[PDB]
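Before any comments, here is the structure.
4 protein chains.
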Amino acid sequence: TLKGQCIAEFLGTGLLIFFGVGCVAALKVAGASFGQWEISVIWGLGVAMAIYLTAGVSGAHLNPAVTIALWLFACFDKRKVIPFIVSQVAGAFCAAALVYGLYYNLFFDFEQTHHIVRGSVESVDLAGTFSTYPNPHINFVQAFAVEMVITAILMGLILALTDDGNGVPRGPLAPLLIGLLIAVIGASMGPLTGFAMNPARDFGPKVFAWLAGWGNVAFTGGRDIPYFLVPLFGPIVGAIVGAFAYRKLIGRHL
Amino acid sequence: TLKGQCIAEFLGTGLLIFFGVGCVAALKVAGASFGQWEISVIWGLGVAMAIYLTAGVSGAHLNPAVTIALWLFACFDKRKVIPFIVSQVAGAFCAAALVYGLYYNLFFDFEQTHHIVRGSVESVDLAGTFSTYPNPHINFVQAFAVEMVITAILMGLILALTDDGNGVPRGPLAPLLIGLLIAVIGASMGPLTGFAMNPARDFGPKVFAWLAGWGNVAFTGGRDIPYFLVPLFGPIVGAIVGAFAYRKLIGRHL
Amino acid sequence: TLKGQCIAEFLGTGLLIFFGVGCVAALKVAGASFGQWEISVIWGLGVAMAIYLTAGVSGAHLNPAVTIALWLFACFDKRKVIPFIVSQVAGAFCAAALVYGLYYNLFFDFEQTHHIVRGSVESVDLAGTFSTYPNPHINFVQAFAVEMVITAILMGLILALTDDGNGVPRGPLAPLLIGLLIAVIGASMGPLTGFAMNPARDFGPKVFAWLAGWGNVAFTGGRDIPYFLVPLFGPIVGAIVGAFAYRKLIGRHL
Amino acid sequence: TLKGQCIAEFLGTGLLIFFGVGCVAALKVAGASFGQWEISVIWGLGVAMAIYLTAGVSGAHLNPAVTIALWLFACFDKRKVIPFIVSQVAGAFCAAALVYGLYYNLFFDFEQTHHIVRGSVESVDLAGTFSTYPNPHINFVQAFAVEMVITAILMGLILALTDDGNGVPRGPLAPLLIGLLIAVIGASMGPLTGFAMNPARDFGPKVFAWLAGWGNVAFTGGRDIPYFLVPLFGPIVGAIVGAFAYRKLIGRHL
Ligand SMILES: CCCCCCCCO[C@@H]1O[C@H](CO)[C@@H](O)[C@H](O)[C@H]1O
Ligand SMILES: CCCCCCCCO[C@@H]1O[C@H](CO)[C@@H](O)[C@H](O)[C@H]1O
Ligand SMILES: CCCCCCCCO[C@@H]1O[C@H](CO)[C@@H](O)[C@H](O)[C@H]1O
Ligand SMILES: CCCCCCCCO[C@@H]1O[C@H](CO)[C@@H](O)[C@H](O)[C@H]1O
Ligand SMILES: CCCCCCCCO[C@@H]1O[C@H](CO)[C@@H](O)[C@H](O)[C@H]1O
Ligand SMILES: CCCCCCCCO[C@@H]1O[C@H](CO)[C@@H](O)[C@H](O)[C@H]1O
Ligand SMILES: CCCCCCCCO[C@@H]1O[C@H](CO)[C@@H](O)[C@H](O)[C@H]1O
Ligand SMILES: CCCCCCCCO[C@@H]1O[C@H](CO)[C@@H](O)[C@H](O)[C@H]1O
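Laid out in structure tokens, this is it:
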């Protein structure tokens, strides 16, 4: 039932963001010690749990880029395309809100302690608690390239791991392995754009931050070209390229 | 045999606290390097081991909140409800005592080194070695909300992971995955209330600390409203809400 | 064939020490960043690998305390008892030697840099690279208690994990889980005595350190009562107590 | 089809280097916090993913030393030997290039910030981002010994883990376990030579660094004897010794 699938996608994506934005809020406003690998592994395992919870129902896309790619390469009913995306983005929105609710006091106290004007350019750092932003040394096109390449690897490997005709089937290991993949991607490329590779994961929370007092910098990141466009279309282009790559270079030889 | 189940629950919950309070004592009074994720993963894996050890006998509840929820939603014999809880809380008590025994010298030396009067408000930090306390910036109601939300996610996901009708069965992976779930919960929400989500895990050791010279602050946390009430009823309310949520939003669509 | 089993035990125990003493040498004389959990997880996974390699042949005891316990409670041929132990201790000896060989230069340079006289009381720290020593604040009897309690938990849980009549069988997961158990034990109790819980793991390398210029302090640890006696008999007493505990409190109710 | 196998090997080895060189670039020029175990576990899991992706096709050698050893001890068609190696080294080359592309700006900014002349002896540190180099305190022969011993353990354990006649078969766990093995090897021996143990993994990226402005020091490491020769032939000699060791000391007794 399509209604039960949209619900799962809503809970899955939200669950996913709950852990991700949560551990990052603890790092930013709670003074918790986290390394590049810790933040990555937590994001990865969060997604792994999000999958185990919703896989049996919606198939656990929990990613607009993934939904679109499966539609164009995995025979995924297009009628279910938009419903999924609207659910995925909605869950990411609510999750970010919920995480903000539990960390409410820590955000305000932190900003007062370090004289941070929420909404200003200098506040983009705490805004990074919800969505991704470009590294200081790279630009729009560079950031678009990174998100594209990584999402391709994500989609490409997801298919490989889920492809039962590829080596010994992983069975119940697939979800966990997909989480570890996300872990290593965020540890090797994270410093560049925050390994968004999920339109819903970035736009949803971004919209929340925008409402939560961060204003326009939540979308722009304090740059000339509105940054939100990168985590929005970058993952999509990559998810397709990656999906195509697997089918040709690997699938065709199985 | 109910007697053999209460024993398992006693050993399981104790084993669980042994690792948890143990790694936290090493962090607090042993000067060991631990990050928010390390402490969380150790707690998670400790519970994972506690499950593998007692699952085959008592079903491995090792959590009053869980026992009650299974009673109201998993057809768990109510006659076994109180016996379990009394065993779970007892094990947590003994474990905390045992951990204190092995770390005896380190506690006293630490307090002398940093002029800490055990029992005073400033000693709540070392008291945190046994039970959970609220973050400085949040209050009673806020702390109750956090514990409630997380325990709901705990119960909700536990059912999902153990639900054989939900995607590929995890089999022997279930326990480990439940531990990783606890890991990501403590890393994303830990800084707020110490992710207690287990009445026995918090009250048992709390009672020990109270006897061990920490006095009343072990229960109050140095606040107006006795804090021990949050980790006591907060998890219970959440465990039910979570259990209900899974049955409706997910189970009903499987 | 008993000869092929002693070889496996020799390679297993050695492999085990290779990773353990290796990561600890990198921490002590290589300036590598390791936390209490990292060192523990590396020791745990090293043992996990040591098991996968020798389990199919010798049964992978890789621990004198374990061999003795299996003899008294798992119907392990006593004729194979001494042969195993002599092999296990021999492997630990060679491994420690090999690790010292690869880290040769780093040890001498470190000692010169920090004016450390190998063999003196202050050199026990680098001697800790091979075997375990008591925490500054605890004494002989305290250290004996710690090693005893933990080894009991080790043996107790090993049986539980390997007991196919206890919940869902772990199959190929058993070894890994036994490694994670060792990981959480070393993270919760490590700071006290270095979680030796393996006579061969401590005595073998200790004898090497003694020959490598560390002298008598390698055995005494710079204390009144020769410390080597704790990691020697402490684990044995615990391995038995633990083995007994499982059979009674858990096995008898399966 | 040999063409489809060379492609897999090209993608596998590249994928492998993508994560490895990637996380190390984040550590060196992105200021990311990584410990000796984190870098090791990321390298290990990267290889684990590289295997799951290509195992079903090429058998996932992803290592010249491994290919040669399987040829001499696993009945691996020699006709496929060179094709594999040329593919493996090519993938490592491209991967290193790709990683450099995404981190382009960070490298130049870092060098300017810390006045580092790319190509000079002091630039070997950033060159370490792509290939391995010897620890300051050890020499050519010492470095050759280390790489040899570890690669032997790698090959030896790989066979053990993949040997279905050795204890309970690991099935879909094999790849992950091989990654964890690489993890513990890099954490115990890493500080000595960067646990290359893969001719393609070191030479490929080394050639890239050489073209990328690092010049001759990329091959020499700033030493008398050209260092690149160690990660080139060291792993090969060890891979054979290790392969032989397993067949004799373990295989012969199964
Ligand atoms: C789930 C529905 C959530 C709707 C958005 C709630 C956002 C609450 O966020 C609030 O936004 C205000 C407006 O900028 C700010 O002034 C406050 O500081 C901020 O707390
Ligand atoms: C499913 C996601 C669809 C996204 C469509 C584009 C939404 C763009 O969002 C817009 O960005 C502008 C630029 O900063 C802001 O000025 C506007 O307030 C904001 O609404
Ligand atoms: C398993 C049974 C344990 C019973 C409780 C033992 C507590 C020992 O704890 C002791 O408590 C004393 C009283 O406050 C303090 O004065 C001591 O400092 C403290 O070590
Ligand atoms: C199963 C757990 C039941 C718990 C029932 C409530 C126990 C409350 O405990 C009480 O808290 C008071 C307030 O700090 C203290 O003054 C008392 O000494 C203490 O006994
Ligand atoms: C595998 C067989 C190994 C035998 C022991 C070799 C120990 C080498 O160790 C050496 O011991 C000497 C004697 O104290 C010291 O003077 C040297 O500094 C030390 O390197
Ligand atoms: C299988 C292990 C058997 C160990 C038997 C006891 C070995 C004790 O070892 C002895 O310890 C003494 C005290 O420091 C030293 O003076 C001696 O040199 C040393 O040989
Ligand atoms: C995939 C094909 C890649 C071919 C090699 C590209 C190397 C680009 O690297 C460039 O090399 C130049 C020459 O040293 C340097 O001057 C530049 O600083 C460096 O960016
Ligand atoms: C498959 C790998 C084959 C490697 C063959 C040896 C390549 C050596 O490479 C050479 O090293 C010299 C010494 O620094 C440099 O001067 C040369 O520029 C370089 O081409």
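So the protein sequences, as listed, match chains W, E, R and D.
Letter by letter, the first sequence follows residues 6 to 259 of PDB author numbering.
Letter by letter, the second sequence follows residues 6 to 259 of PDB author numbering.
Letter by letter, the third sequence follows residues 6 to 259 of PDB author numbering.
Letter by letter, the fourth sequence follows residues 6 to 259 of PDB author numbering.
Backbone N, C-alpha and C define an ideal beta-carbon position, used for all residues, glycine too.
Whole-angstrom C-beta distance between residue j and residue i, which should lie under 8 Å
i      : j      : result
R/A201 : R/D207 : 4 Å
E/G226 : E/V146 : Going by Cβ atoms, the distance from E/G226 to E/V146 rounds to 14 Å, so no, they are not a contact pair.
W/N171 : W/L259 : 6 Å
W/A192 : D/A31  : 7 Å
W/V104 : W/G36  : Not a contact, Cβ separation roughly 17 Å.
W/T137 : W/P236 : 5 Å
D/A55  : D/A65  : 7 Å
E/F39  : R/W42  : 6 Å
E/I190 : E/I155 : 5 Å
W/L254 : D/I22  : So it is not a contact: roughly 17 Å between Cβ atoms.
E/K83  : E/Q10  : Not quite, the Cβ-Cβ distance comes to about 14 Å (not below 8 Å), so this is no contact.
W/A132 : W/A223 : 5 Å
E/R252 : E/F24  : Contact flag wrong, Cβ pair sits at about 31 Å.
W/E152 : W/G243 : 7 Å
Ligand 3 heavy atom lying under 7 Å from the CB of residue i
i      : result
E/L131 : no
heavy atom of ligand 8 below 7 Å from residue i C-beta
i      : result
D/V126 : no
D/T18  : no
W/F78  : no
D/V71  : no
D/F135 : no
Near ligand 4: residue i beta-carbon under 7 Å from a heavy atom
i     : result
E/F89 : no
E/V94 : yes
Any non-hydrogen atom of ligand 1 within 7 Å of residue i CB
i      : result
W/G218 : yes
W/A102 : yes
Contact test: residue i Cβ vs ligand 2 heavy atom, cutoff 7 Å
i                    : result
W/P231               : yes
D/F81                : no
residue 4 of chain W : Residue 4 of chain W lies beyond the residue range present for chain W, which begins at 6 and ends at 259; the question has no answer from this structure.
W/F15                : no
Ligand 6 heavy atom lying under 7 Å from the CB of residue i
i      : result
R/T225 : yes
R/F208 : yes
Heavy atom of ligand 7 within 7 Å of residue i beta-carbon
i     : result
W/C99 : no
The region 118-129 of chain E / the region 38-55 of chain E touching (three or more Cβ pairs under 8 Å): no
Whether or not the region 98-116 of chain W and the region 185-199 of chain W are in contact is what I'm after, with contact meaning three or more pairs of Cβ atoms, one per stretch, closer than 8 Å; do they touch? no
Given 8 Å, three or more beta-carbon pairs between the region 13-25 of chain E and the region 92-107 of chain W: no
Where in the region 86-116 of chain R do unbroken runs of the beta strand (DSSP E), each at least 3 residues long, occur, reported from the N-terminal end onward? none
Identify each residue in the region 159-178 of chain R for which the Cβ-Cβ distance to at least one residue of chain D is less than 9 Å, and report them in chain order. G176, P177, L178
For the region 52-71 of chain W, which residues have a CB atom closer than 7 Å to at least one CB atom of chain E, in sequence order? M54, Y57, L58, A60, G61, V62
The region 50-70 of chain W touching the region 160-178 of chain E, judged by at least three CB pairs closer than 8 Å: yes
Members of the region 122-147 of chain R near chain A, C-beta cut-off 9 Å: The structure shown has no chain A; the protein chains it does contain are W, E, R and D.
Unbroken alpha helix (DSSP H) runs of length 4 or more, entirely within the region 193-254 of chain R: which are they? 195-198, 204-214, 222-225, 234-250
The region 153-162 of chain D / the region 238-254 of chain D touching (three or more Cβ pairs under 8 Å): yes
By the 8 Å beta-carbon criterion, what residues does the region 67-101 of chain W contribute toward chain D? none
Could you tell me which whole alpha helix (DSSP H) segments of length 4 or greater appear in the region 104-173 of chain R? 129-132, 145-167
What are the residues in the region 190-214 of chain W lying within 8 Å of chain D by C-beta distance? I190, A192, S193, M194, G195, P196, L197
Just list the alpha helix (DSSP H) runs in the region 28-82 of chain W, keeping only unbroken ones of 4 residues or longer that don't cross its boundaries, in chain order. 41-63, 69-78
Where the region 214-239 of chain D meets chain R: residues whose CB sits under 8 Å from a CB there: none
Could you name the residues of the region 35-46 of chain D whose beta carbon sits closer than 7 Å to any beta carbon of chain R, in the order they occur along the chain? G40, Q41, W42
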